[PDB]
Structure formats: C-alpha cells, structure tokens
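Student: Below you will find the structure I want to go over with you.
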Protein chains: 2
Amino acid sequence: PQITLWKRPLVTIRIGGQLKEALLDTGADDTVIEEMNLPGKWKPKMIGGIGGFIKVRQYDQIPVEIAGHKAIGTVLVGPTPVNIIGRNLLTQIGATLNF
Amino acid sequence: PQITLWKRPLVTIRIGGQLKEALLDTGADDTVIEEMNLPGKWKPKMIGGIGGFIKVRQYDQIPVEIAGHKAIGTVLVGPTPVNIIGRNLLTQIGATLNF
Ligand SMILES: CC(C)[C@@H]1NC(=O)CCCCOc2ccc(cc2)C[C@@H](C(=O)O)NC1=O
Ligand SMILES: CC(C)[C@@H]1NC(=O)CCCCOc2ccc(cc2)C[C@@H](C(=O)O)NC1=O
C-alpha cells in the first residue's frame with residue numbers, strides 16, 4: 001500500500017502469534033517491541049534513541065507479519081513508548097520512501 | 001525520488017542558511033535539528049523517544065529545503081545525535097511509505 005504521513009504510520013502486525021499495533025519507522029535501525037513473551041533464547045543488548053540508551057532482549061530470526069507482508073528477523077524487546085518496525089524488517093517487506 | 005531503506009535515509013537539507021545531512025524519519029512527529037545558533041523567538045519543549053526525553057527549543061515557521069523540496073514549519077533545536085526530518089515536514093514534501 002502507499003501510506004501518507006498526516007498521521008503516525010501505525011499498522012497491525014502479528015508476532016509470536018499475537019496481534020499488536022506498530023509504527024513503520026524509517027528512523028529506526030532496529031525493530032523494538034514492548035515487553036512481551038517471545039519464544040526462543042534472547043541475548044541482553046543495549047540500544048540508543050533520541051533520549052538515551054535502554055536495555056533490551058535481543059531475539060533473532062523472529063517471524064513478523066506486517067500488514068500482510070512477511071518478515072523474519074531480529075526483534076528487540078524492551079521499554080519502548082510504542083512498538084517500532086525498523087529498517088531491518090522494512091527492507092524485508094520492500095518498503096521505500098517516495099516523494 | 002525513491003529512497004530504499006538498506007541504509008539510513010539521510011539527505012541534504014538547507015536550514016537557516018546552512019546545509020546539513022538529515023534523516024527522513026517517519027517515526028518522528030516533529031523535526032529535530034542538532035544544536036545550531038538559529039535566530040528568532042522560541043518556546044521551551046520536551047520531546048521523548050527511546051531512552052527518555054530531551055529539552056529542545058521550538059522555533060516556528062522556519063524554512064527548510066529537503067533535497068530541493070521547499071518546506072516551512074516548526075523546527076526543534078537541541079542535543080539530538082542526528083538531524084531528524086519528521087512528519088510535520090515530510091507531509092509538506094509529499095513523502096509516502098510504499099510497499
Ligand atoms: C528506535 C531506535 C532503535 C532508533 N535508534 C537507532 O536507530 C540507533 C541510533 C540511535 C542514535 O541516533 C539516532 C538515530 C535516529 C533517531 C534517533 C537517534 C530517530 C529515532 C526514531 O525512531 O525516530 N530512532 C531511534 O531511536
Ligand atoms: C524523533 C522524536 C521527536 C520522537 N520519535 C522517536 O523517538 C521515534 C519513535 C520512538 C518510539 O515511538 C515514539 C516515542 C515517542 C513519541 C512518538 C513515537 C512522542 C514524540 C514526541 O515527544 O513528540 N516523539 C517522537 O516523535
């Protein structure tokens with residue numbers, strides 16, 4: 001689809017079998033999802049944002065369906081204001097910026 | 001143009017008479033520019049994201065050219081690690097997400 005930006009580009013995703021709302025974020029290198037239980041082993045990691053650094057749980061090779069498009073990659077779980085789909089998964093679904 | 005997301009979508013912008021590199025960020029409501037001695041009246045503001053909040057100076061009706069496309073609006077100036085072009089200006093240049 002083509003999504004304009006008058007509002008936050010929020011879309012529904014399925015991860016770990018559960019539905020969640022997430023923001024398509026071209027300003028994010030990584031995908032960061034609010035605290036939740038995800039299958040598999042995770043590794044402690046730290047990532048930075050506009051306000052500083054946070055500790056996250058790094059899960060690798062996680063399937064995430066974004067607005068009907070499939071991606072399988074790294075998902076960081078931790079204290080984020082809103083769920084963020086970053087470039088690692090946006091590239092997988094063939095998302096581009098256009099103007 | 002079309003910008004892929006394999007790498008950070010950095011483009012050249014012109015603001016306050018200076019050329020800078022900035023990130024086209026669909027996950028940002030506002031535009032935040034690295035500390036620069038911009039003239040004009042401003043209002044105090046706090047913006048948040050991953051890691052927490054930072055204090056910025058809010059300037060209104062500031063002309064900002066983005067890869068040749070003219071825009072004008074609110075620009076927040078503060079200790080951001082990267083210049084960020086947010087939705088307030090992305091809509092002005094007709095930018096969309098597509099997949
Ligand atoms: C969501 C983070 C994993 C991402 N943070 C990253 O992509 C890692 C680099 C963080 C420091 O540099 C920044 C780069 C970009 C931004 C802020 C800071 C914009 C901001 C956003 O989503 O709007 N991006 C981030 O906070
Ligand atoms: C790049 C920042 C301005 C930030 N945008 C970001 O930090 C990128 C997304 C981080 C997680 O999602 C958000 C977190 C916080 C917000 C919006 C989104 C609130 C909103 C604000 O304070 O006005 N912050 C942003 O849009």
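In the structure tokens, the first chain shown is A, the next is B, and so on; residue numbers restart at 1 for each chain, and ligands run from 1 in the order shown.
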List every residue of chain B that has an atom at most 8 Å from any atom of ligand 2, giving for each one its closest atom pair and the distance in Å to one decimal, counting only C-alpha atoms and all ligand atoms, sorted by chain and then by ascending residue number, as a tab-separated table.
Tutor:
residue	atom	partner	partner_atom_place_in_ligand_line	distance
B:25	CA	ligand 2	1 (C)	7.3
B:27	CA	ligand 2	8 (C)	4.6
B:28	CA	ligand 2	26 (O)	3.5
B:29	CA	ligand 2	26 (O)	4.0
B:30	CA	ligand 2	3 (C)	5.0
B:31	CA	ligand 2	3 (C)	6.6
B:32	CA	ligand 2	3 (C)	6.5
B:46	CA	ligand 2	22 (O)	6.8
B:47	CA	ligand 2	22 (O)	3.6
B:48	CA	ligand 2	22 (O)	3.9
B:49	CA	ligand 2	7 (O)	3.3
B:50	CA	ligand 2	10 (C)	5.2
B:53	CA	ligand 2	22 (O)	7.4
B:84	CA	ligand 2	1 (C)	6.6
B:86	CA	ligand 2	1 (C)	7.0
Student: For chain B, which residues have at least one atom within 6 Å of chain A, if we go by only C-alpha atoms? Write them as a list in words, please.
Tutor: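 That gives the following set of residues: residues 1, 2, 3, 4, 5, 25, 26, 27, 49, 50, 51, 52, 53, 54, 87, 91, 94, 95, 96, 97, 98 and 99 of chain B.
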Student: Give chain B as a PDB file with N, CA and C atoms, in the first residue's frame once it has been least-squares superposed onto chain A over every C-alpha atom, paired in order.
Tutor:
ATOM      1  N   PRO B   1       0.739  -0.999  -0.334  1.00  0.00           N
ATOM      2  CA  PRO B   1      -0.082   0.222  -0.210  1.00  0.00           C
ATOM      3  C   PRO B   1       0.788   1.458  -0.081  1.00  0.00           C
ATOM      4  N   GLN B   2       0.139   2.608   0.029  1.00  0.00           N
ATOM      5  CA  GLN B   2       0.837   3.868   0.209  1.00  0.00           C
ATOM      6  C   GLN B   2       0.353   4.417   1.534  1.00  0.00           C
ATOM      7  N   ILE B   3       1.282   4.867   2.364  1.00  0.00           N
ATOM      8  CA  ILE B   3       0.907   5.410   3.658  1.00  0.00           C
ATOM      9  C   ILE B   3       1.392   6.849   3.745  1.00  0.00           C
ATOM     10  N   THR B   4       0.466   7.774   4.015  1.00  0.00           N
ATOM     11  CA  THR B   4       0.853   9.181   4.114  1.00  0.00           C
ATOM     12  C   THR B   4       1.377   9.427   5.517  1.00  0.00           C
ATOM     13  N   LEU B   5       1.973  10.596   5.731  1.00  0.00           N
ATOM     14  CA  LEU B   5       2.575  10.894   7.025  1.00  0.00           C
ATOM     15  C   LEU B   5       1.871  11.963   7.860  1.00  0.00           C
ATOM     16  N   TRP B   6       0.608  12.239   7.534  1.00  0.00           N
ATOM     17  CA  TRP B   6      -0.176  13.214   8.286  1.00  0.00           C
ATOM     18  C   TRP B   6      -0.305  12.733   9.726  1.00  0.00           C
ATOM     19  N   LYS B   7      -0.364  11.414   9.884  1.00  0.00           N
ATOM     20  CA  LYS B   7      -0.474  10.817  11.209  1.00  0.00           C
ATOM     21  C   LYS B   7       0.630   9.769  11.348  1.00  0.00           C
ATOM     22  N   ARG B   8       0.892   9.314  12.571  1.00  0.00           N
ATOM     23  CA  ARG B   8       1.907   8.272  12.770  1.00  0.00           C
ATOM     24  C   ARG B   8       1.523   7.094  11.883  1.00  0.00           C
ATOM     25  N   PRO B   9       2.493   6.553  11.128  1.00  0.00           N
ATOM     26  CA  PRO B   9       2.194   5.418  10.250  1.00  0.00           C
ATOM     27  C   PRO B   9       2.138   4.105  11.020  1.00  0.00           C
ATOM     28  N   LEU B  10       1.028   3.913  11.727  1.00  0.00           N
ATOM     29  CA  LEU B  10       0.788   2.718  12.515  1.00  0.00           C
ATOM     30  C   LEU B  10       0.067   1.653  11.687  1.00  0.00           C
ATOM     31  N   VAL B  11       0.536   0.410  11.775  1.00  0.00           N
ATOM     32  CA  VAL B  11      -0.096  -0.683  11.045  1.00  0.00           C
ATOM     33  C   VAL B  11      -0.178  -1.891  11.959  1.00  0.00           C
ATOM     34  N   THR B  12      -0.975  -2.880  11.563  1.00  0.00           N
ATOM     35  CA  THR B  12      -1.105  -4.089  12.362  1.00  0.00           C
ATOM     36  C   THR B  12      -0.006  -5.077  11.997  1.00  0.00           C
ATOM     37  N   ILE B  13       0.599  -5.676  13.014  1.00  0.00           N
ATOM     38  CA  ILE B  13       1.637  -6.678  12.802  1.00  0.00           C
ATOM     39  C   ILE B  13       1.268  -7.911  13.599  1.00  0.00           C
ATOM     40  N   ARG B  14       1.843  -9.041  13.206  1.00  0.00           N
ATOM     41  CA  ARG B  14       1.615 -10.281  13.922  1.00  0.00           C
ATOM     42  C   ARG B  14       2.990 -10.773  14.321  1.00  0.00           C
ATOM     43  N   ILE B  15       3.171 -11.020  15.609  1.00  0.00           N
ATOM     44  CA  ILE B  15       4.452 -11.500  16.100  1.00  0.00           C
ATOM     45  C   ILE B  15       4.185 -12.390  17.304  1.00  0.00           C
ATOM     46  N   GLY B  16       4.859 -13.536  17.340  1.00  0.00           N
ATOM     47  CA  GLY B  16       4.686 -14.459  18.446  1.00  0.00           C
ATOM     48  C   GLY B  16       3.252 -14.899  18.661  1.00  0.00           C
ATOM     49  N   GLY B  17       2.472 -14.909  17.586  1.00  0.00           N
ATOM     50  CA  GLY B  17       1.082 -15.314  17.695  1.00  0.00           C
ATOM     51  C   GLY B  17       0.135 -14.210  18.136  1.00  0.00           C
ATOM     52  N   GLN B  18       0.655 -13.002  18.344  1.00  0.00           N
ATOM     53  CA  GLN B  18      -0.192 -11.885  18.758  1.00  0.00           C
ATOM     54  C   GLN B  18      -0.258 -10.781  17.717  1.00  0.00           C
ATOM     55  N   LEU B  19      -1.398 -10.094  17.673  1.00  0.00           N
ATOM     56  CA  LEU B  19      -1.592  -8.957  16.780  1.00  0.00           C
ATOM     57  C   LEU B  19      -1.301  -7.701  17.597  1.00  0.00           C
ATOM     58  N   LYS B  20      -0.521  -6.786  17.027  1.00  0.00           N
ATOM     59  CA  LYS B  20      -0.158  -5.543  17.710  1.00  0.00           C
ATOM     60  C   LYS B  20      -0.139  -4.400  16.709  1.00  0.00           C
ATOM     61  N   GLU B  21      -0.196  -3.171  17.209  1.00  0.00           N
ATOM     62  CA  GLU B  21      -0.103  -2.008  16.343  1.00  0.00           C
ATOM     63  C   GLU B  21       1.342  -1.546  16.433  1.00  0.00           C
ATOM     64  N   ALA B  22       1.945  -1.277  15.281  1.00  0.00           N
ATOM     65  CA  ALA B  22       3.337  -0.856  15.269  1.00  0.00           C
ATOM     66  C   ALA B  22       3.589   0.270  14.282  1.00  0.00           C
ATOM     67  N   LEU B  23       4.626   1.031  14.585  1.00  0.00           N
ATOM     68  CA  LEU B  23       5.035   2.200  13.811  1.00  0.00           C
ATOM     69  C   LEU B  23       6.082   1.865  12.740  1.00  0.00           C
ATOM     70  N   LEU B  24       5.774   2.154  11.472  1.00  0.00           N
ATOM     71  CA  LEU B  24       6.736   1.920  10.388  1.00  0.00           C
ATOM     72  C   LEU B  24       7.719   3.085  10.537  1.00  0.00           C
ATOM     73  N   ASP B  25       8.930   2.762  10.997  1.00  0.00           N
ATOM     74  CA  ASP B  25       9.930   3.752  11.346  1.00  0.00           C
ATOM     75  C   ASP B  25      11.237   3.708  10.549  1.00  0.00           C
ATOM     76  N   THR B  26      11.367   4.612   9.576  1.00  0.00           N
ATOM     77  CA  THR B  26      12.572   4.680   8.751  1.00  0.00           C
ATOM     78  C   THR B  26      13.782   5.207   9.519  1.00  0.00           C
ATOM     79  N   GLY B  27      13.540   5.793  10.686  1.00  0.00           N
ATOM     80  CA  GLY B  27      14.633   6.309  11.492  1.00  0.00           C
ATOM     81  C   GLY B  27      15.177   5.276  12.460  1.00  0.00           C
ATOM     82  N   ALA B  28      14.638   4.061  12.409  1.00  0.00           N
ATOM     83  CA  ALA B  28      15.083   2.988  13.306  1.00  0.00           C
ATOM     84  C   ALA B  28      15.873   1.906  12.574  1.00  0.00           C
ATOM     85  N   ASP B  29      17.086   1.619  13.052  1.00  0.00           N
ATOM     86  CA  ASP B  29      17.901   0.571  12.430  1.00  0.00           C
ATOM     87  C   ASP B  29      17.273  -0.790  12.723  1.00  0.00           C
ATOM     88  N   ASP B  30      16.758  -0.920  13.947  1.00  0.00           N
ATOM     89  CA  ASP B  30      16.186  -2.167  14.436  1.00  0.00           C
ATOM     90  C   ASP B  30      14.703  -2.081  14.730  1.00  0.00           C
ATOM     91  N   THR B  31      14.124  -3.249  14.980  1.00  0.00           N
ATOM     92  CA  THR B  31      12.710  -3.405  15.306  1.00  0.00           C
ATOM     93  C   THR B  31      12.625  -3.598  16.819  1.00  0.00           C
ATOM     94  N   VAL B  32      11.823  -2.774  17.491  1.00  0.00           N
ATOM     95  CA  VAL B  32      11.703  -2.859  18.950  1.00  0.00           C
ATOM     96  C   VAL B  32      10.246  -3.020  19.310  1.00  0.00           C
ATOM     97  N   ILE B  33       9.938  -4.089  20.033  1.00  0.00           N
ATOM     98  CA  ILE B  33       8.566  -4.384  20.412  1.00  0.00           C
ATOM     99  C   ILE B  33       8.384  -4.246  21.923  1.00  0.00           C
ATOM    100  N   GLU B  34       7.232  -3.716  22.335  1.00  0.00           N
ATOM    101  CA  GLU B  34       6.905  -3.533  23.750  1.00  0.00           C
ATOM    102  C   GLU B  34       7.022  -4.870  24.450  1.00  0.00           C
ATOM    103  N   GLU B  35       7.425  -4.803  25.712  1.00  0.00           N
ATOM    104  CA  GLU B  35       7.595  -5.978  26.548  1.00  0.00           C
ATOM    105  C   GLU B  35       6.527  -7.051  26.287  1.00  0.00           C
ATOM    106  N   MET B  36       6.973  -8.251  25.930  1.00  0.00           N
ATOM    107  CA  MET B  36       6.073  -9.371  25.691  1.00  0.00           C
ATOM    108  C   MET B  36       6.881 -10.625  26.011  1.00  0.00           C
ATOM    109  N   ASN B  37       6.231 -11.593  26.650  1.00  0.00           N
ATOM    110  CA  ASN B  37       6.881 -12.835  27.066  1.00  0.00           C
ATOM    111  C   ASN B  37       7.143 -13.795  25.920  1.00  0.00           C
ATOM    112  N   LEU B  38       8.037 -13.392  25.028  1.00  0.00           N
ATOM    113  CA  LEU B  38       8.404 -14.174  23.859  1.00  0.00           C
ATOM    114  C   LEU B  38       9.345 -15.326  24.224  1.00  0.00           C
ATOM    115  N   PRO B  39       9.058 -16.546  23.745  1.00  0.00           N
ATOM    116  CA  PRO B  39       9.948 -17.658  24.081  1.00  0.00           C
ATOM    117  C   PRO B  39      11.200 -17.612  23.220  1.00  0.00           C
ATOM    118  N   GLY B  40      12.223 -18.359  23.620  1.00  0.00           N
ATOM    119  CA  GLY B  40      13.448 -18.399  22.842  1.00  0.00           C
ATOM    120  C   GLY B  40      14.650 -17.822  23.559  1.00  0.00           C
ATOM    121  N   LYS B  41      15.834 -18.123  23.045  1.00  0.00           N
ATOM    122  CA  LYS B  41      17.057 -17.603  23.638  1.00  0.00           C
ATOM    123  C   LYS B  41      17.192 -16.170  23.157  1.00  0.00           C
ATOM    124  N   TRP B  42      17.874 -15.353  23.943  1.00  0.00           N
ATOM    125  CA  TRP B  42      18.073 -13.965  23.562  1.00  0.00           C
ATOM    126  C   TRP B  42      19.436 -13.499  24.045  1.00  0.00           C
ATOM    127  N   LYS B  43      19.844 -12.329  23.576  1.00  0.00           N
ATOM    128  CA  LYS B  43      21.126 -11.749  23.966  1.00  0.00           C
ATOM    129  C   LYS B  43      20.839 -10.331  24.445  1.00  0.00           C
ATOM    130  N   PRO B  44      21.563  -9.869  25.472  1.00  0.00           N
ATOM    131  CA  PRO B  44      21.387  -8.520  26.023  1.00  0.00           C
ATOM    132  C   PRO B  44      21.845  -7.478  25.009  1.00  0.00           C
ATOM    133  N   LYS B  45      21.135  -6.357  24.937  1.00  0.00           N
ATOM    134  CA  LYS B  45      21.513  -5.298  24.007  1.00  0.00           C
ATOM    135  C   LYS B  45      21.041  -3.954  24.553  1.00  0.00           C
ATOM    136  N   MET B  46      21.719  -2.893  24.145  1.00  0.00           N
ATOM    137  CA  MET B  46      21.317  -1.560  24.542  1.00  0.00           C
ATOM    138  C   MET B  46      21.113  -0.764  23.262  1.00  0.00           C
ATOM    139  N   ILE B  47      19.961  -0.107  23.141  1.00  0.00           N
ATOM    140  CA  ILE B  47      19.688   0.700  21.952  1.00  0.00           C
ATOM    141  C   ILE B  47      19.448   2.130  22.388  1.00  0.00           C
ATOM    142  N   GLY B  48      19.868   3.073  21.553  1.00  0.00           N
ATOM    143  CA  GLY B  48      19.707   4.462  21.910  1.00  0.00           C
ATOM    144  C   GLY B  48      18.900   5.273  20.923  1.00  0.00           C
ATOM    145  N   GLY B  49      18.559   6.476  21.348  1.00  0.00           N
ATOM    146  CA  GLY B  49      17.808   7.381  20.509  1.00  0.00           C
ATOM    147  C   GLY B  49      17.670   8.642  21.319  1.00  0.00           C
ATOM    148  N   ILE B  50      16.684   9.457  20.988  1.00  0.00           N
ATOM    149  CA  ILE B  50      16.495  10.671  21.744  1.00  0.00           C
ATOM    150  C   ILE B  50      16.194  10.298  23.189  1.00  0.00           C
ATOM    151  N   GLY B  51      16.860  10.973  24.114  1.00  0.00           N
ATOM    152  CA  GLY B  51      16.638  10.695  25.513  1.00  0.00           C
ATOM    153  C   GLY B  51      17.657   9.755  26.118  1.00  0.00           C
ATOM    154  N   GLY B  52      18.331   8.948  25.298  1.00  0.00           N
ATOM    155  CA  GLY B  52      19.320   8.024  25.833  1.00  0.00           C
ATOM    156  C   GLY B  52      19.155   6.585  25.384  1.00  0.00           C
ATOM    157  N   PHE B  53      19.618   5.657  26.216  1.00  0.00           N
ATOM    158  CA  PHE B  53      19.551   4.238  25.896  1.00  0.00           C
ATOM    159  C   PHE B  53      18.605   3.440  26.781  1.00  0.00           C
ATOM    160  N   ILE B  54      18.147   2.301  26.269  1.00  0.00           N
ATOM    161  CA  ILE B  54      17.324   1.400  27.064  1.00  0.00           C
ATOM    162  C   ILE B  54      17.842  -0.014  26.825  1.00  0.00           C
ATOM    163  N   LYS B  55      17.659  -0.858  27.829  1.00  0.00           N
ATOM    164  CA  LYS B  55      18.080  -2.251  27.751  1.00  0.00           C
ATOM    165  C   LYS B  55      16.974  -3.071  27.097  1.00  0.00           C
ATOM    166  N   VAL B  56      17.357  -3.924  26.152  1.00  0.00           N
ATOM    167  CA  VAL B  56      16.414  -4.786  25.467  1.00  0.00           C
ATOM    168  C   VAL B  56      16.955  -6.206  25.342  1.00  0.00           C
ATOM    169  N   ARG B  57      16.064  -7.129  25.000  1.00  0.00           N
ATOM    170  CA  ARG B  57      16.433  -8.522  24.782  1.00  0.00           C
ATOM    171  C   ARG B  57      16.410  -8.735  23.282  1.00  0.00           C
ATOM    172  N   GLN B  58      17.515  -9.223  22.739  1.00  0.00           N
ATOM    173  CA  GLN B  58      17.600  -9.440  21.303  1.00  0.00           C
ATOM    174  C   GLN B  58      17.276 -10.867  20.906  1.00  0.00           C
ATOM    175  N   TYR B  59      16.209 -11.023  20.127  1.00  0.00           N
ATOM    176  CA  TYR B  59      15.782 -12.330  19.638  1.00  0.00           C
ATOM    177  C   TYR B  59      16.045 -12.409  18.153  1.00  0.00           C
ATOM    178  N   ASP B  60      16.548 -13.549  17.699  1.00  0.00           N
ATOM    179  CA  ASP B  60      16.820 -13.692  16.283  1.00  0.00           C
ATOM    180  C   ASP B  60      15.844 -14.600  15.535  1.00  0.00           C
ATOM    181  N   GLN B  61      15.756 -14.384  14.228  1.00  0.00           N
ATOM    182  CA  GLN B  61      14.904 -15.184  13.358  1.00  0.00           C
ATOM    183  C   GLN B  61      13.474 -15.333  13.849  1.00  0.00           C
ATOM    184  N   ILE B  62      12.869 -14.198  14.190  1.00  0.00           N
ATOM    185  CA  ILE B  62      11.500 -14.160  14.671  1.00  0.00           C
ATOM    186  C   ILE B  62      10.581 -13.780  13.507  1.00  0.00           C
ATOM    187  N   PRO B  63       9.576 -14.614  13.203  1.00  0.00           N
ATOM    188  CA  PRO B  63       8.668 -14.270  12.097  1.00  0.00           C
ATOM    189  C   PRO B  63       7.804 -13.079  12.508  1.00  0.00           C
ATOM    190  N   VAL B  64       7.650 -12.107  11.615  1.00  0.00           N
ATOM    191  CA  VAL B  64       6.807 -10.941  11.908  1.00  0.00           C
ATOM    192  C   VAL B  64       6.051 -10.588  10.639  1.00  0.00           C
ATOM    193  N   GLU B  65       4.721 -10.613  10.696  1.00  0.00           N
ATOM    194  CA  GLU B  65       3.943 -10.257   9.520  1.00  0.00           C
ATOM    195  C   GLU B  65       3.547  -8.785   9.667  1.00  0.00           C
ATOM    196  N   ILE B  66       3.766  -7.999   8.619  1.00  0.00           N
ATOM    197  CA  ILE B  66       3.470  -6.569   8.652  1.00  0.00           C
ATOM    198  C   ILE B  66       2.436  -6.260   7.583  1.00  0.00           C
ATOM    199  N   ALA B  67       1.239  -5.909   8.040  1.00  0.00           N
ATOM    200  CA  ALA B  67       0.101  -5.630   7.167  1.00  0.00           C
ATOM    201  C   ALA B  67       0.013  -6.677   6.070  1.00  0.00           C
ATOM    202  N   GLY B  68       0.115  -7.946   6.469  1.00  0.00           N
ATOM    203  CA  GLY B  68       0.013  -9.040   5.516  1.00  0.00           C
ATOM    204  C   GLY B  68       1.285  -9.457   4.809  1.00  0.00           C
ATOM    205  N   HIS B  69       2.350  -8.678   4.957  1.00  0.00           N
ATOM    206  CA  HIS B  69       3.612  -9.012   4.312  1.00  0.00           C
ATOM    207  C   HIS B  69       4.517  -9.730   5.303  1.00  0.00           C
ATOM    208  N   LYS B  70       4.890 -10.961   4.974  1.00  0.00           N
ATOM    209  CA  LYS B  70       5.735 -11.762   5.850  1.00  0.00           C
ATOM    210  C   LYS B  70       7.187 -11.320   5.894  1.00  0.00           C
ATOM    211  N   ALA B  71       7.768 -11.403   7.084  1.00  0.00           N
ATOM    212  CA  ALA B  71       9.162 -11.044   7.285  1.00  0.00           C
ATOM    213  C   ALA B  71       9.698 -11.938   8.392  1.00  0.00           C
ATOM    214  N   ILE B  72      11.012 -11.939   8.560  1.00  0.00           N
ATOM    215  CA  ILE B  72      11.618 -12.742   9.605  1.00  0.00           C
ATOM    216  C   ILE B  72      12.988 -12.181   9.900  1.00  0.00           C
ATOM    217  N   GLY B  73      13.220 -11.866  11.165  1.00  0.00           N
ATOM    218  CA  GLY B  73      14.504 -11.313  11.523  1.00  0.00           C
ATOM    219  C   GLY B  73      14.624 -11.014  12.995  1.00  0.00           C
ATOM    220  N   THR B  74      15.566 -10.132  13.306  1.00  0.00           N
ATOM    221  CA  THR B  74      15.844  -9.771  14.678  1.00  0.00           C
ATOM    222  C   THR B  74      14.816  -8.818  15.253  1.00  0.00           C
ATOM    223  N   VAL B  75      14.347  -9.149  16.446  1.00  0.00           N
ATOM    224  CA  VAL B  75      13.365  -8.340  17.138  1.00  0.00           C
ATOM    225  C   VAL B  75      13.902  -8.071  18.532  1.00  0.00           C
ATOM    226  N   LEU B  76      13.901  -6.804  18.920  1.00  0.00           N
ATOM    227  CA  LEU B  76      14.365  -6.411  20.236  1.00  0.00           C
ATOM    228  C   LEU B  76      13.127  -6.182  21.100  1.00  0.00           C
ATOM    229  N   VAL B  77      13.130  -6.752  22.300  1.00  0.00           N
ATOM    230  CA  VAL B  77      12.007  -6.595  23.215  1.00  0.00           C
ATOM    231  C   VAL B  77      12.424  -5.803  24.438  1.00  0.00           C
ATOM    232  N   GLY B  78      11.647  -4.778  24.755  1.00  0.00           N
ATOM    233  CA  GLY B  78      11.980  -3.954  25.894  1.00  0.00           C
ATOM    234  C   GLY B  78      10.947  -2.891  26.164  1.00  0.00           C
ATOM    235  N   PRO B  79      11.211  -2.028  27.149  1.00  0.00           N
ATOM    236  CA  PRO B  79      10.324  -0.943  27.558  1.00  0.00           C
ATOM    237  C   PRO B  79      10.222   0.235  26.609  1.00  0.00           C
ATOM    238  N   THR B  80       9.845  -0.037  25.368  1.00  0.00           N
ATOM    239  CA  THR B  80       9.663   1.026  24.386  1.00  0.00           C
ATOM    240  C   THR B  80       8.209   1.476  24.530  1.00  0.00           C
ATOM    241  N   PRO B  81       7.943   2.780  24.385  1.00  0.00           N
ATOM    242  CA  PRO B  81       6.573   3.283  24.507  1.00  0.00           C
ATOM    243  C   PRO B  81       5.638   2.947  23.341  1.00  0.00           C
ATOM    244  N   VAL B  82       6.221   2.571  22.206  1.00  0.00           N
ATOM    245  CA  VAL B  82       5.456   2.246  21.002  1.00  0.00           C
ATOM    246  C   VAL B  82       6.185   1.112  20.292  1.00  0.00           C
ATOM    247  N   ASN B  83       5.439   0.221  19.642  1.00  0.00           N
ATOM    248  CA  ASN B  83       6.078  -0.873  18.908  1.00  0.00           C
ATOM    249  C   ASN B  83       6.673  -0.228  17.661  1.00  0.00           C
ATOM    250  N   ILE B  84       7.917  -0.570  17.359  1.00  0.00           N
ATOM    251  CA  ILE B  84       8.649   0.019  16.240  1.00  0.00           C
ATOM    252  C   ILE B  84       9.111  -1.005  15.209  1.00  0.00           C
ATOM    253  N   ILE B  85       8.738  -0.815  13.944  1.00  0.00           N
ATOM    254  CA  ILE B  85       9.227  -1.700  12.884  1.00  0.00           C
ATOM    255  C   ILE B  85      10.360  -0.904  12.244  1.00  0.00           C
ATOM    256  N   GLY B  86      11.578  -1.433  12.352  1.00  0.00           N
ATOM    257  CA  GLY B  86      12.752  -0.752  11.829  1.00  0.00           C
ATOM    258  C   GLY B  86      13.166  -1.216  10.457  1.00  0.00           C
ATOM    259  N   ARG B  87      14.259  -0.648   9.954  1.00  0.00           N
ATOM    260  CA  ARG B  87      14.724  -0.963   8.614  1.00  0.00           C
ATOM    261  C   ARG B  87      15.051  -2.414   8.379  1.00  0.00           C
ATOM    262  N   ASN B  88      15.448  -3.141   9.421  1.00  0.00           N
ATOM    263  CA  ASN B  88      15.798  -4.544   9.216  1.00  0.00           C
ATOM    264  C   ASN B  88      14.620  -5.321   8.640  1.00  0.00           C
ATOM    265  N   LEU B  89      13.402  -4.936   9.020  1.00  0.00           N
ATOM    266  CA  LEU B  89      12.219  -5.607   8.496  1.00  0.00           C
ATOM    267  C   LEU B  89      11.542  -4.817   7.371  1.00  0.00           C
ATOM    268  N   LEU B  90      11.678  -3.489   7.371  1.00  0.00           N
ATOM    269  CA  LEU B  90      11.062  -2.694   6.313  1.00  0.00           C
ATOM    270  C   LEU B  90      11.637  -3.072   4.954  1.00  0.00           C
ATOM    271  N   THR B  91      12.932  -3.351   4.903  1.00  0.00           N
ATOM    272  CA  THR B  91      13.550  -3.753   3.641  1.00  0.00           C
ATOM    273  C   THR B  91      12.951  -5.080   3.190  1.00  0.00           C
ATOM    274  N   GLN B  92      12.651  -5.955   4.148  1.00  0.00           N
ATOM    275  CA  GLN B  92      12.098  -7.256   3.802  1.00  0.00           C
ATOM    276  C   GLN B  92      10.734  -7.183   3.152  1.00  0.00           C
ATOM    277  N   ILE B  93       9.962  -6.144   3.464  1.00  0.00           N
ATOM    278  CA  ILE B  93       8.649  -6.014   2.849  1.00  0.00           C
ATOM    279  C   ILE B  93       8.651  -5.039   1.671  1.00  0.00           C
ATOM    280  N   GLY B  94       9.850  -4.665   1.229  1.00  0.00           N
ATOM    281  CA  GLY B  94      10.005  -3.778   0.082  1.00  0.00           C
ATOM    282  C   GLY B  94       9.512  -2.356   0.251  1.00  0.00           C
ATOM    283  N   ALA B  95       9.610  -1.841   1.473  1.00  0.00           N
ATOM    284  CA  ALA B  95       9.159  -0.489   1.754  1.00  0.00           C
ATOM    285  C   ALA B  95      10.176   0.574   1.347  1.00  0.00           C
ATOM    286  N   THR B  96       9.678   1.624   0.701  1.00  0.00           N
ATOM    287  CA  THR B  96      10.514   2.743   0.294  1.00  0.00           C
ATOM    288  C   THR B  96       9.883   4.071   0.714  1.00  0.00           C
ATOM    289  N   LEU B  97      10.704   5.118   0.693  1.00  0.00           N
ATOM    290  CA  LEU B  97      10.241   6.472   0.950  1.00  0.00           C
ATOM    291  C   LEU B  97      10.153   7.081  -0.443  1.00  0.00           C
ATOM    292  N   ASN B  98       9.116   7.871  -0.688  1.00  0.00           N
ATOM    293  CA  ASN B  98       8.945   8.457  -2.000  1.00  0.00           C
ATOM    294  C   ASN B  98       8.459   9.890  -1.955  1.00  0.00           C
ATOM    295  N   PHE B  99       9.106  10.750  -2.733  1.00  0.00           N
ATOM    296  CA  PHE B  99       8.659  12.130  -2.851  1.00  0.00           C
ATOM    297  C   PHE B  99       9.247  12.759  -4.110  1.00  0.00           C
TER     298      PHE B  99
END
Student: Write down as a PyMOL selection string the residues of chain B whose backbone DSSP state falls under strand (DSSP E).
Tutor: chain B and resi 2-3+10-15+18-24+32-34+43-49+52-66+69-78+83-85+96-98
Student: Return as number ranges by chain the full set of residues in chain B whose backbone-based DSSP assignment is alpha helix (DSSP H).
Tutor: B: 87-90
Student: Can you write just those residues out, C-alpha atoms, as a compact mmCIF listing (two decimals), in the first residue's frame?
Tutor:
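Wrote result11.txt, looks like this:
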# COMPACT_ATOMS: atom_id res chain seq x y z
CA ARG B 87 6.24 14.10 9.65
CA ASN B 88 5.44 17.78 10.04
CA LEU B 89 7.77 18.47 7.11
CA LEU B 90 7.63 15.10 5.31
